[PDB]
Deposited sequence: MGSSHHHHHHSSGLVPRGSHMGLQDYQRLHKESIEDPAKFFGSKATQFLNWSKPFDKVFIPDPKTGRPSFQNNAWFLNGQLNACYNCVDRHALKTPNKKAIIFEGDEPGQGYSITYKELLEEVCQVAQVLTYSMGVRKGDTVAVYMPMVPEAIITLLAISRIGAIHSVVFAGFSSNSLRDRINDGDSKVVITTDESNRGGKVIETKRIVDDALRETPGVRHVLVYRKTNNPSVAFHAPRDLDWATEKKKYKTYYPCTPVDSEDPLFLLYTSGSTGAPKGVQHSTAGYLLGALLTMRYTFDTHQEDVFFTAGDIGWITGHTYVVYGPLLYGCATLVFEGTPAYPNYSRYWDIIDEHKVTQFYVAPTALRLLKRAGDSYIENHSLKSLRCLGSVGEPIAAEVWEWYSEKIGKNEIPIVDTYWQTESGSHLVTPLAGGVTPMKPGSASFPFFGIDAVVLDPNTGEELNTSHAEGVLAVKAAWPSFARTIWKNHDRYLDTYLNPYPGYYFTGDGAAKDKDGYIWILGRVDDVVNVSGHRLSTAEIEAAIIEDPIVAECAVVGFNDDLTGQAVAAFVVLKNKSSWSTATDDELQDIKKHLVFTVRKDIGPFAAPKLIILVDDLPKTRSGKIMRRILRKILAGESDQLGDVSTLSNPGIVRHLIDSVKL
């Protein structure tokens, strides 16, 4: 009965629900006055003026490190695993404290950072990346992480929009067995970033005469050794920005999504205890770069705020072989695996031969995030990896949500449906609206746009320097609710099914076809292992269905077409399928269908996709 009460308590009485959790899970410097700013029009937390734990003061880094060093100093906080097998090591909580303290002082004294500044972070998945981020919040600064792979052009714009006067990177990065010049990329970018005063560089490889030029550049080791190991934290208000995270999804100048401190931290805590049923002696492993909210909230914040161990792997699922991912899971007794479908799709390709010897009884929970997960792949995940006896939480949420939106509970929710994300998390009032006829709440089993009626604490507060794009994008499209950008439907039993962003929905003769269903049914064919249905500027017929299929010399298309009508319908069967080797994806994993749309196709994926359509 837990979920039924706890969720209603969080919806009709958030003050009591979150007020209590807020004092429970976090250590405060100054108690908060009010829990949230309501919507006077008789309502829950206001969307326009969303704000939680008013006048309250606390410190992220203090909650992620200090309190645990002063309790379980000898317990491990970070468990690292290099790109190469035996190159790992752990960092106790006591030592992380020391490290984050020398770095906090490096920032204040060597670089001149103050409370409120934007610190840009361009690093790979190594411990120093993590302590860097904690060092930034320890001093009341706001970190802005950029994927350690993005072009120097991407780096520049993000720093310029971010107001970042300083930067933090490495000299090079060995990924999946491939070195990557980051310091190089940093310099090309700084040829156009006027406000960059300093650049802290953590030599990871011992560079091949990599640039380093004046008092601008500083050495991580050189500077660290200068400061004591303990440094006092900087209290900040509950509603002061914790960080910024430039989301790089759709077209249009990247958005600097801004998150609160308390509110965001409480969500990461609530989701750890309920969603993953995390304890203190756990070993959480989130296979996602610090480049996206996944890595922010589940490979750094959630785990460290809770006080358990979080695993940092700077490598790839295929390096040095597909058994690698599972080799590091059984030696570290990882109790929490959390990865994206793309990865779970490539591992399922290599064959359960690499999973053979692995007993991996160390796991207790599995999780999926990033995009829809087909049923056969969910089953495969549930049986091969999970040895079918351990939960699987397919977590629905966004960079803006901060934390899980709708997800199954590792324990609270007894049942589970392979393509569903089960139920809305606590505080989230998920409803399905009619995309056409206003913001009408669809009650009976039906498909429509997903939204939340009231705001919650972990909800992003704005978009860096322009609260206008924020409103138009998230609150103006469907006045009164929050616009997720995705389509969904609740089955007879209430479960929620994510249809895959109704922005890529192909409307054939007024039918609106969501991608989730059509593509999953495709990939779920021995002939394929990945599918992507899109569209293009179409005059007549309204809009046709074209599928870019990728196999694992004739009439091979027709089959995949007659199978679409076999279970989905004849008005869903594509008018043309294109055979491609792969699909244009983001470092995150998501498939860029807007690229398949825009034009029928600049990475190598482009050209090959520029030809696989002409003929």
query: Deposited-sequence stretches lacking C-alpha coordinates, listed in sequence order; finding: 1-23, 576-587, 637-649
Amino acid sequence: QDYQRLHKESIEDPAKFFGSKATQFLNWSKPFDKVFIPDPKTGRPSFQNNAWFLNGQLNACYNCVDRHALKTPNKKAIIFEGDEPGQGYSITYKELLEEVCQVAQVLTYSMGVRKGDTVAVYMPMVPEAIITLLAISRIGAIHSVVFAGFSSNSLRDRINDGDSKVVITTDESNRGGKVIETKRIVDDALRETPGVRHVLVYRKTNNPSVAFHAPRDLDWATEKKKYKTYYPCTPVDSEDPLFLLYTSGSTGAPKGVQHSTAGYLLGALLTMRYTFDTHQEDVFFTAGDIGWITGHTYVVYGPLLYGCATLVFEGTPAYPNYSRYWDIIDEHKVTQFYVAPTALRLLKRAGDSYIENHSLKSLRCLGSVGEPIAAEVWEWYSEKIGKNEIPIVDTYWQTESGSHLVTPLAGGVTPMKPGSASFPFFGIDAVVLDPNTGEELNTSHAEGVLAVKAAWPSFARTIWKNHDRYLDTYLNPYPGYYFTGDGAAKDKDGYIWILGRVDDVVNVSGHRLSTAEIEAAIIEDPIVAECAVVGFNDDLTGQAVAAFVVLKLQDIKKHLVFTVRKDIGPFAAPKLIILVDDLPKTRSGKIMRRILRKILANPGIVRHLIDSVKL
From here on, numbers count along this sequence of modelled residues.
property	result
Which of 294-302 and 324-332 has higher mean CA B factor, as the PDB entry lists it	324-332
Mean C-alpha temperature factor, higher of 589-597 and 14-22	589-597
Top Cα B factor in the deposited entry, candidates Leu265, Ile142, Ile527, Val236	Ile527
Maximum C-alpha temperature factor, selected from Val106, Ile168, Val449, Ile355	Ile355
CA B-factor ranking of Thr310, expressed as a third of its chain	lowest
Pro232 by Cα B-factor - lowest, middle or highest third of the modelled chain	lowest
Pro341 - which third its CA temperature factor falls in, relative to the rest of the chain	middle
Ranked against its chain, the third holding the CA B-factor of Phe36	middle
Among modelled residues of the same chain, the CA temperature factor third for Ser46	lowest
